[PDB]
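Only the coordinates and a few stated rules stand behind these numbers; no lab work does. Ideal geometry is used to build each Cβ from the backbone, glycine not excepted, and the neighbour counts take in all protein chains shown.
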Amino acid sequence: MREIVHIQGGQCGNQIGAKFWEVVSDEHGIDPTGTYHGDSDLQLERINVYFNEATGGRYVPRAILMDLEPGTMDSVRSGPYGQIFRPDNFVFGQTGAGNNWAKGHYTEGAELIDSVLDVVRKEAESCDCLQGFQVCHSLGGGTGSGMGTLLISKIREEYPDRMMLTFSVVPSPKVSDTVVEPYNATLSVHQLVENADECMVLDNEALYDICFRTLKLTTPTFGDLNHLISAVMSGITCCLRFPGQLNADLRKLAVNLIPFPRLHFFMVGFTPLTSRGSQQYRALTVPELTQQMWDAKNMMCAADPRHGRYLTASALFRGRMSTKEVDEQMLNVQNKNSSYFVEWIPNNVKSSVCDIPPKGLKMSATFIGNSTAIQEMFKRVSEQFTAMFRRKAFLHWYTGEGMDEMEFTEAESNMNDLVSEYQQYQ
Amino acid sequence: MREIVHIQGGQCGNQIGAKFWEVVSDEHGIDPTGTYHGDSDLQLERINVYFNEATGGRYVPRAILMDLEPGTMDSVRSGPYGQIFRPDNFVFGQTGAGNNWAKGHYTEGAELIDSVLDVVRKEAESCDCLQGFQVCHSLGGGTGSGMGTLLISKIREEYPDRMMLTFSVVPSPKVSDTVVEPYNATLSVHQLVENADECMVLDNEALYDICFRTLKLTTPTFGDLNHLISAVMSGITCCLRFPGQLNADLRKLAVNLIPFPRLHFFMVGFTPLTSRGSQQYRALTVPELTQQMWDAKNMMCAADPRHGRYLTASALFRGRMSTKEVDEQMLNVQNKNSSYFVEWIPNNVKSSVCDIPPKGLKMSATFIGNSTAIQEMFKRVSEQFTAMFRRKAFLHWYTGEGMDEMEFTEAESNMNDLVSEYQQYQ
Amino acid sequence: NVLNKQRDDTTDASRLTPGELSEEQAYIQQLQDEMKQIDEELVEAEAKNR
Amino acid sequence: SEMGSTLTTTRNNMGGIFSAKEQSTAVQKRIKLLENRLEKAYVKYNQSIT
Amino acid sequence: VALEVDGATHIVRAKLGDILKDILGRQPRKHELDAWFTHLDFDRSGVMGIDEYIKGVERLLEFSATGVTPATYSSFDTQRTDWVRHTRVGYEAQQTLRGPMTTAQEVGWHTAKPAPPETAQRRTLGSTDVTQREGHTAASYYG
Amino acid sequence: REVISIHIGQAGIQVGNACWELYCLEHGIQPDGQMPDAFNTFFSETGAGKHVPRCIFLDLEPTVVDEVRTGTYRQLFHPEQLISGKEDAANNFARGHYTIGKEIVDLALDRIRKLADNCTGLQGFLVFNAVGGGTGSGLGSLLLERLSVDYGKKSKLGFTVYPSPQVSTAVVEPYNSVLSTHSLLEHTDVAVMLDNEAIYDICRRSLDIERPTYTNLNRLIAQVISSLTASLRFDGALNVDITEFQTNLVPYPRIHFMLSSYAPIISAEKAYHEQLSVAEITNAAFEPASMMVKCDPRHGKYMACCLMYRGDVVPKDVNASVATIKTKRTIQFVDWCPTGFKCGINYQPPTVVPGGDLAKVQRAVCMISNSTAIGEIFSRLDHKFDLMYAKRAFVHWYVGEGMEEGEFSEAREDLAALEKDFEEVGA
Ligand SMILES: Nc1nc2c(ncn2[C@@H]2O[C@H](COP(=O)(O)OP(=O)(O)OP(=O)(O)O)[C@@H](O)[C@H]2O)c(=O)[nH]1
Ligand SMILES: Nc1nc2c(ncn2[C@@H]2O[C@H](COP(=O)(O)OP(=O)(O)O)[C@@H](O)[C@H]2O)c(=O)[nH]1
Ligand SMILES: Nc1nc2c(ncn2[C@@H]2O[C@H](COP(=O)(O)OP(=O)(O)O)[C@@H](O)[C@H]2O)c(=O)[nH]1
Ligand SMILES: [Mg+2]
């Protein structure tokens, strides 16, 4: 009934989405060959949200892969659960962007994006009642951030009534992979505040610290981080695919969390996240989930929430739980830490419960907090933007393509007034 | 009962007919040695439409091959389903025209056409009630176009009450085989506009494009192209051979497609045409078939249908289908593409259903649209003809044979007022 | 001989030069004008729908 | 020397060997994209009118 | 058992020198050790396989047994016409000489010997059906 | 479908000595004459286990003919078919057209008559000659004239060998060339120029044979002939007979002089290394570095082109390649035709000859076009004909044989008229 088209852009989007489709297919019991192998009939009535039946028990994901270099597409097709994607949905260039936002927004987009638009248009009309779109991409790269940015703009002006999620990793000074990270991030954020409905900020630094202490991994390869991100996304949309005692759809979360149409950047967390050596010594109850949920070292962004205030927050629970215990828990955590919440809004917490836990766990949760501390990350980026922009470093590889300097001045102006209004509402 | 004789002219006609009799014989379950070995009794009931009884379960096709060089005939006898034709029907000259329309219409015709007329007259008198004749040939070659053209004229003056189908390939400048393409195509069209009842315009250009885009093949030899055209010919003629919930014979389609006696040039399209890699990742629905039918990239002519308006269009469905879904799908197409249809004719769409799908599929459809876009192809050819005739190039190999200059001027005049009246009705 | 070689090369480089395609430019212009017409027609039809 | 100078000037003006074909294909690609956009606009408009 | 390979047919590849010394019984000289090392492999994997060792030893036996002269031309003109025809010298310098004469021979001197089987899998970006044909591309969109 | 081949002159039957060597290896026929229906167009099968070609070698001097009679192909050629005069024409058109032709041409024509009556489905004739010499030019024209009288409507493929501009071996070849054309105009239907200097360049550049003899030249000429008759001999995806050049390549009854070319001319070491496809050979067949006539078609504008394809080739990519040629701008076509090509595809790949310098190639191209550069060649020869005729040089030899100055003057103006025709049609 309610439908979600999934879009993966760039290298980060493809790898994360690949692991994401593994997690979802496992939850719905589809083997890597694309046939049904589950046991419960509860998985059967809600596969139209993510899959389309082709011919007698063959379910294909409703996804669109998009990049510019065949290396990523092959890494997709080589891995397990890599043969279930419809080969028509692999719209794909040949030359490569190369961390150039202008190349991802003016040069290569002009020949790739009409094609991706036709593919997504056919996939959107394959279903009847759209609920929204779900876009996974990065913010530093060129083929991911720039091209995904244009795709969001085109979609928002095509279907203006449907919701839109975007999960984007953001740069950090310590984990600073690309050198034009600020030049890409500022322009992408500048477009996301004018097009996207809401964005959920990720970063590799917080994921690293999480798998350091909580997971106690020794060699945390990228597969594990993408496994965490995938677990988060499934936790987001658990409510549409499963019945619960208090259903919270995508639009329901958005209208509960966005007080003002420019305040839609969330910080995310997940729980339980306990090491294999410590899963035996712990308890499984809602306070055990909650007091790990609100922990600042469990957030998936590099923004200490106790350096600012929460505007709103939301919890999505999965498993057989007691709603009384849920609400009294949210009540107590809001009364105890009263200063860290905003004053002019009562009941800063939206909560929901679903009746199906993920496989392997008895009870899980997902935390989506709209805090004001994100302005520190934006300042951290904008100052680097101004530092490079004072003496025009790396500027000509954007300038000599068609983009002018005014775009940068506009982007920095928007970032500055955006952190001003975060600070203002704090 | 109703009868269809087959006449194949020229090298292209012979090979096309070879694949045609292969696919029809397969549909009726008769082996390449000429004996019936099928299962269902439904196939036996309607084989007199295309066959004659010989001896002990041997059925010969009611086909007359005609050419001027034995290389065609050897290629027919070499391949499978080649030993089922009656050797008396291998009426066949000795010299060869050599891409000379005058050689195919005045010198060699004078001695071959009495013989081909004798054998077709014997084959027509042998059956009881003719429905029509069916001719497959080219418009670029000499021995095919010219000889078949005179044959059409002799047949129409003899039997003016029987229908007539002409599958004719038209040369395109991008796929340009011979040099005198316009000198032959203009003359043949000049005769077809007053002799043939209707024509199915083909070209190798759209076939190559279809194999590139939809089929995604590596080496599109002539076998697959002739396999496609044969599939179209089996689709257009399926209504007689198999009972359905709504039948539409040849005359039925002609009167539903031709509003004016000179407006009888059709373009065709066939579906489903999907790659083998994506063959299992899809479903088989009526909307899935309809979007592939009305796609401009699926027409088998090099004429963009969005550059004009359809005068009328017909769809022939095969397979157990829902007529309500068929009708509402045609209604949806006629509503959504409301500018591409002519205004002074409501309900421009004819449809029919047969209950037997072609072998190897679940459900199929053949599209026959009488649009106004064909005037682009005729202009595309006539401008070449005027470019050559302005300076009398290549003219003397025709004039020194018995043709005179006013024949070319007349063919120009007939091309010019035809494209004028197409432009008028647009 | 060398002068003839250089002259031929010069005429070849002269043949290779341009990219005008004026009739295609005109086709592009008429397509863009038709797109503008249909866009204003679209917004007018939306107003009529309201 | 005169032919050498003119040769160098024409080689500087032609901008490269693949330039003409790159330009022609770019024009063709623009034509295809514009035609597709125009068809989509017609579809949108006819949906509005129905 | 830690390498999880049947070891009965395996020597440690570091034992090649001592094996040569025990084979000769006297001592290895420089031109003997050179040939031994260039015909067997001593660089990539510590474990050895009997069949690899045999494959190398056969070539070594041939090399010791017979000699092809490096002078395949006695006429400068005929050699030169071969050079302009791009027909190449049939014999191989590794079979012909004991050591390399020049630095480029020294560059390519070790390519001949049979490679040891890769003890591990190899990660190679290989083109797939989606990349090769099914996947949508700009060229496909334009036809 | 049968076609017979006659060879005139010293160069003609040496070309035949390479052509029939190629045909026998193609159809698997040993030189003794017997195999250990595709052959039916060239060899008629007498009695039991014996095929004898449809050819007549003819010459005036018996030296090269009885070299054939004593060579390796003694049994293959019919003893009567080889025809030899008693004394040579000696580089003398008048001598080889009026003095000795009057003795030899009757025996030749009364022999080809019974060869044709042996034949059933005669496609046409194809003649082999060089116009620089005396025998090939003189009685070649005489033989062609009486053939046009006897049959007329049948096609005659003329593969002539014109003298090169700068590399040349005779002195009076301008007189013989001009006098041979004057009848080659209105007698031949389809005439193909083959020059030796361009073949020397090809063997030097591509085959990298720095010391080529006449054997190598005749070897790849036989490759060209075999490549344009392979459609008649074997069935292909898209075949083309001998009557199609007549229509598709001759826009005007007196403009028939076709450049030829071939690709890929590749040695044994350059094959196992180059990756061969259809696009590159379709390109390489159009450069002047691979034509069979030393002229610059960059100066000219093409009238028509014919593309023979042999081997592993599909119609798709040959269509794509010819599209790339049509869209390139380094070559230009005439406005008198927008459709300037005629493809042709045959399945069997070109065979290799033992000792031949070419390699086993998967696919090959034979291009036969028509342009205005040939109009430039004729003027180039016309210049050096005027130079020698202005001083009345060498004229006494021809007048002594029995001719006059009228035919010199009228052949000169006939070539001028033809020059007018090319510059007119090129406009
Ligand atoms: N391509 C090629 N040309 C040849 C060959 N042999 C002779 N020629 C050409 O023949 C021309 C002279 O005529 P010839 O064939 O030698 O002798 P001819 O044509 O019989 O005339 P006569 O000597 O008077 O009998 C020269 O210009 C040569 O270029 C050959 O084997 N290959
Ligand atoms: N979690 C995760 N992050 C990744 C992965 N690959 C790249 N990234 C992040 O993406 C950022 C650069 O994005 P990039 O790969 O260049 O995007 P693209 O090239 O445009 O597709 C780096 O800072 C990485 O931290 C991955 O597999 N997993
Ligand atoms: N689809 C298809 N077209 C062909 C085939 N053979 C030839 N043609 C087309 O036919 C045209 C030439 O027709 P031709 O064979 O010369 O006709 P004919 O000489 O009168 O018999 C060319 O433009 C080809 O594209 C074939 O096997 N399949
Ligand atoms: Mg001679």
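In segment E:93-143, what residues are away from every other protein chain (no Cβ under 14 Å) and in a helix (DSSP H, G or I)? Write out each step before concluding.
Within segment E:93-143, the first condition is being away from every other protein chain (no Cβ under 14 Å), and the residues that meet it are E:93-120.
If the condition is that a residue be away from every other protein chain (no Cβ under 14 Å) and in a helix (DSSP H, G or I), then E:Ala93, E:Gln94, E:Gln95, E:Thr96, E:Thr103, E:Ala104, E:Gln105, E:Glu106, E:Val107 are the ones that fit.
Kindly evaluate B:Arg156 against the criterion of being surrounded by fewer than 19 Cβ atoms within 10 Å (Cβ to Cβ), more than 16 Å from ligand 4 (Cβ to nearest atom) and basic (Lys, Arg). Break it down stepwise before answering.
Details: surrounded by fewer than 19 Cβ atoms within 10 Å (Cβ to Cβ): yes; more than 16 Å from ligand 4 (Cβ to nearest atom): yes; basic (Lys, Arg): yes.
Answer is yes for this residue.
Quick check on this structure: which one of F:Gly134, F:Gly71 is out of contact with any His (no Cβ under 6 Å at 6 or more places or on another chain), buried (at least 21 other Cβ atoms within 10 Å of the Cβ) and not β-branched (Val, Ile, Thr)? Please lay out each step first, then the result.
Details: F:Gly71 fails: buried (at least 21 other Cβ atoms within 10 Å of the Cβ).
Being out of contact with any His (no Cβ under 6 Å at 6 or more places or on another chain), buried (at least 21 other Cβ atoms within 10 Å of the Cβ) and not β-branched (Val, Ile, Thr) holds for just one of F:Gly134, F:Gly71, which is F:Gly134.
Only one of B:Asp128, B:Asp209 is more than 10 Å from ligand 3 (Cβ to nearest atom) and out of contact with any helix residue (DSSP H, G or I) (no Cβ under 9 Å at 6 or more places or on another chain). Can you tell me which? Talk me through it step by step, then tell me what you get.
Details: B:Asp209 fails: out of contact with any helix residue (DSSP H, G or I) (no Cβ under 9 Å at 6 or more places or on another chain).
None of the other options fit; the residue is B:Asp128.
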**Request:** Please specify each residue of segment C:12-31 satisfying the condition of being under 13 Å from the mean Cα position of the chain (by Cα), assigned to a helix (DSSP H, G or I) and either more than 7 Å from chain D (Cβ to nearest Cβ) or more than 15 Å from D:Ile31 (Cα to Cα) (or both).
**Result:** C:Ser22, C:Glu23, C:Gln25, C:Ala26, C:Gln29, C:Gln30
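In segment F:102-118, which residues are crowded, with 17+ Cβ neighbours inside 10 Å and over 22 Å from the mean Cα position of the chain (by Cα)? It would help to see each step written out before you state the result.
Looking only at segment F:102-118, we keep the residues that are crowded, with 17+ Cβ neighbours inside 10 Å, and these are F:104-105, F:108, F:111-112, F:115-116.
Scanning segment F:102-118 gives F:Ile104, F:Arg111.
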**Request:** Can you confirm whether segment B:162-181 contains a residue that is in contact with a helix residue (DSSP H, G or I) (Cβ under 8 Å, 6 or more places away or on another chain), within 14 Å of chain F (Cβ to nearest Cβ), more than 16 Å from ligand 2 (Cβ to nearest atom) and of a type in the set (D, E, K, R)?
**Result:** yes
**Item:** Residue list for segment F:42-59, filter: outside any loop (DSSP other than H, G, I, E, B) and surrounded by fewer than 21 Cβ atoms within 10 Å (Cβ to Cβ)
**Value:** F:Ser44, F:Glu45, F:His51, F:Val52
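Would you point out which residue out of B:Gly71, B:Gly98 is part of a helix (DSSP H, G or I) and under 24 Å from B:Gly223 (Cα atoms)?
Working: B:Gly98 fails: part of a helix (DSSP H, G or I).
B:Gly71 is the lone residue from the list that is part of a helix (DSSP H, G or I) and under 24 Å from B:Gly223 (Cα atoms).
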**Residue list for segment B:1-18, restricted to those being closer than 23 Å to B:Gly142 by Cβ and either under 12 Å from the mean Cα position of the chain (by Cα) or away from chain F (no Cβ under 14 Å) (or both)** = B:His6, B:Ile7, B:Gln8, B:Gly9, B:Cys12, B:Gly13, B:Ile16, B:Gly17
**Fill in**
Of the residues in segment F:341-355, those that are within 7 Å of another protein chain (Cβ to nearest Cβ) and either of a type in the set (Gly, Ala, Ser) or assigned to a loop (DSSP other than H, G, I, E, B) (or both) come to F:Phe341, F:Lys342
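Yes/no per residue for (1) surrounded by 13 or more Cβ atoms within 10 Å (Cβ to Cβ); (2) within 14 Å of chain F (Cβ to nearest Cβ); (3) among the acidic types (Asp, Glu):
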site: E:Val5; (1), (2), (3): no, no, no
site: E:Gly25; (1), (2), (3): no, no, no
site: E:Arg44; (1), (2), (3): no, no, no
site: E:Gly49; (1), (2), (3): yes, no, no
site: E:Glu52; (1), (2), (3): yes, no, yes
**Fill in**
Expected single match for of a type in the set (A, V, I, L, M, F, W, C) and either within 12 Å of another protein chain (Cβ to nearest Cβ) or farther than 28 Å from B:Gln291 by Cα (or both) among A:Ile155, A:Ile113 is A:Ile113
**Prompt:** Out of A:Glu158, A:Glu198, which single residue is in contact with a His (Cβ under 6 Å, 6 or more places away or on another chain) and more than 16 Å from A:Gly10 (Cβ to Cβ)?
**Reply:** A:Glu198
**Prompt:** Could you give every pair whose Cβ atoms fall below 7 Å, whose first residue belongs to segment E:70-86 and is under 16 Å from E:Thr96 (Cβ atoms), and whose second residue is outside any loop (DSSP other than H, G, I, E, B), counting only separations of at least 6 or pairs across chains?
**Reply:** E:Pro70/E:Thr96; E:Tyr73/E:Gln79
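One line per residue, one yes/no per condition, for (1) in contact with a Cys (Cβ under 6 Å, 6 or more places away or on another chain); (2) among the charged types (D, E, K, R); (3) not in a loop (DSSP other than H, G, I, E, B):
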| residue | (1), (2), (3) |
| --- | --- |
| E:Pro70 | no, no, no |
| E:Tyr73 | no, no, no |
| E:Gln79 | no, no, yes |
| E:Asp82 | no, yes, yes |
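Which residues, taken from segment F:67-99, are part of a helix (DSSP H, G or I), out of contact with any strand residue (DSSP E or B) (no Cβ under 7 Å at 6 or more places or on another chain) and either away from ligand 1 (no atom under 12 Å from the Cβ) or of a type outside the set (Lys, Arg) (or both)? Please lay out each step first, then the result.
Let us first name the residues in segment F:67-99 that are part of a helix (DSSP H, G or I), namely F:67-69, F:93-99.
Still in the list and also out of contact with any strand residue (DSSP E or B) (no Cβ under 7 Å at 6 or more places or on another chain): F:67, F:69, F:93-99.
Those that are part of a helix (DSSP H, G or I), out of contact with any strand residue (DSSP E or B) (no Cβ under 7 Å at 6 or more places or on another chain) and either away from ligand 1 (no atom under 12 Å from the Cβ) or of a type outside the set (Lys, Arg) (or both): F:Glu67, F:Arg69, F:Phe93, F:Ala94, F:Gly96, F:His97, F:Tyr98, F:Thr99.
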**Request:** Specify which of the listed residues (F:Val65, F:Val52, F:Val3) is more than 16 Å from ligand 2 (Cβ to nearest atom) and within 17 Å of the chain's Cα centre (by Cα).
**Result:** F:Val3
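Within segment F:217-237, is even one residue more than 14 Å from chain B (Cβ to nearest Cβ), of a type in the set (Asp, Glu) and more than 16 Å from ligand 4 (Cβ to nearest atom)? It would help to see each step written out before you state the result.
Filtering segment F:217-237 down to residues more than 14 Å from chain B (Cβ to nearest Cβ) leaves F:217-228.
Right, trim to of a type in the set (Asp, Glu) and you get none.
No: segment F:217-237 contains no residue that is more than 14 Å from chain B (Cβ to nearest Cβ), of a type in the set (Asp, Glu) and more than 16 Å from ligand 4 (Cβ to nearest atom).
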**Fill in**
Scanning segment A:186-222 residue by residue, those among the β-branched types (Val, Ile, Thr), in contact with a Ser or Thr (Cβ under 9 Å, 6 or more places away or on another chain) and under 30 Å from A:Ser275 (Cα atoms) turn out to be A:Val201, A:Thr214
**Complete:** Reported set for segment F:101-139 where residues are within 14 Å of chain B (Cβ to nearest Cβ) and either small (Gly, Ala, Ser) or within 16 Å of ligand 3 (Cβ to nearest atom) (or both) is F:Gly121, F:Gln123, F:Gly124
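Okay, residues lined up against (1) in a helix (DSSP H, G or I); (2) facing another protein chain (nearest Cβ under 7 Å); (3) among the hydrophobic types (A, V, I, L, M, F, W, C):
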{"residue": "D:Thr6", "(1), (2), (3)": "yes, yes, no"}
{"residue": "D:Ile17", "(1), (2), (3)": "no, yes, yes"}
{"residue": "D:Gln28", "(1), (2), (3)": "yes, no, no"}
{"residue": "D:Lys32", "(1), (2), (3)": "yes, yes, no"}
{"residue": "D:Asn36", "(1), (2), (3)": "yes, yes, no"}
{"residue": "D:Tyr42", "(1), (2), (3)": "yes, yes, no"}
{"residue": "D:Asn46", "(1), (2), (3)": "yes, yes, no"}
**Item:** Filtered residues of segment B:50-109 (kept if among the basic types (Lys, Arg) and buried (at least 17 other Cβ atoms within 10 Å of the Cβ))
**Value:** B:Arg62, B:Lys103
**Asked** Which number in (1) within 16 Å of ligand 3 (Cβ to nearest atom); (2) under 21 Å from F:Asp59 (Cα atoms) marks the one condition that F:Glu145 misses?
**Response** (1)
**Prompt:** All but one of (1) part of a loop (DSSP other than H, G, I, E, B); (2) over 23 Å from the mean Cα position of the chain (by Cα); (3) of a type in the set (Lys, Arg) hold for A:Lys324; which doesn't?
**Reply:** (1)
**Prompt:** Is segment F:307-317 home to any residue that is touching a helix residue (DSSP H, G or I) at 6+ places or on another chain (Cβ under 6 Å), under 30 Å from F:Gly28 (Cα atoms) and of a type in the set (A, V, I, L, M)?
**Reply:** yes
**Message:** For segment B:384-418, give me each residue that is in a helix (DSSP H, G or I), within 10 Å of chain F (Cβ to nearest Cβ) and loosely packed, with under 14 Cβ neighbours inside 10 Å.
**Reply:** B:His396
